[PDB]
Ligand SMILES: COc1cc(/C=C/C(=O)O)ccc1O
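For reference, the chain that follows is the form deposited without this ligand, supplied as structure tokens.
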């Protein structure tokens, strides 16, 4: 049905609501949260969105922001959840996200563990908190105890130190331990941005996680996006059948 915005704390979160083509009275919905540098219309997100719509699952692609921090993003994602809970057509709510959106939905799904029926982290950037505690962020090295006011960051973006100050506090493993419902992690084994082996490890820690490895592929699935969508389709058909 199209572009929309969700009000949160005096800012507006841009989103898109897409229904399955038959316009069902009642259907499940998947929240899809792109990453920090990305956008909802990007190929790797749209492909997943179209795939879900095709199997009868509505989608709500959303920005997790309108000084970015994981506290702001998580706050915004709770607003998106709260919006989705009010939609009359919705049966069950699912969550998917890519890269820093993947980390964010890993966190938010635990916070929403009673509501979110299954979780799909796509190449989640889930090591950020630990790396921030070592005093690294991309090519920068600082004393983890003396954080710079400004950090030159992802895709040229300038972040405040508050990003790190907040990130350092997040114990990802606590949120993994608390989400015991089904998870599908997808990750390319030639990912140059986020190490594949991180997803291996997080897959073993979750109680109920399937890891799907995209052989040869990059962070945004430049080579085999279709293997991503096939895995998501198979997993989500399994879940909507329960």
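Residue numbers count along the first chain shown, from 1. Between two forms, the rigid core is defined as the largest C-alpha subset superposing within 1.5 Å.
One more form of this protein exists, namely the form deposited with this ligand bound; it is left out here, but the text below deals with it.
Comment: 35-43 is the region of 35-43, 179-187, 50-58, 201-209 lying near this ligand in the deposited bound form, near meaning a non-hydrogen atom within 4.5 Å.
In the deposited bound form, this ligand sits beyond 4.5 Å of every heavy atom of residue 87. Heavy atoms of residue 138 reach within 4.5 Å of this ligand in the deposited bound form, making it an interface residue.
None of the heavy atoms of residue 76 is located within 4.5 Å of this ligand in the deposited bound form. Though the partner is left out of this view, residue 154 does reach within 4.5 Å of this ligand in the deposited bound form, counting heavy atoms only. Checking 118, 80, 125, 107 for any heavy atom within 4.5 Å of this ligand in the deposited bound form turns up a single hit: 125.
Contacts between stretch 204-242 and this ligand, counted in the deposited bound form as any heavy atom lying within 4.5 Å, involve 219 alone. Shift analysis on the rigid core between the shown form and the other one singles out 153 from 153, 127, 93, 167 (C-alpha displacement of 2 Å or more).
With the core superposed, residue 138 shows a C-alpha displacement of at least 2 Å between the shown form and the other one. The pair residue 138 and residue 101 approaches in the deposited bound form: their C-alpha atoms are at least 3 Å nearer to each other than in the form depicted.
A shift of at least 3 angstroms brings the Cα atoms of residue 120 and residue 138 nearer to each other in the deposited bound form than in the displayed structure.
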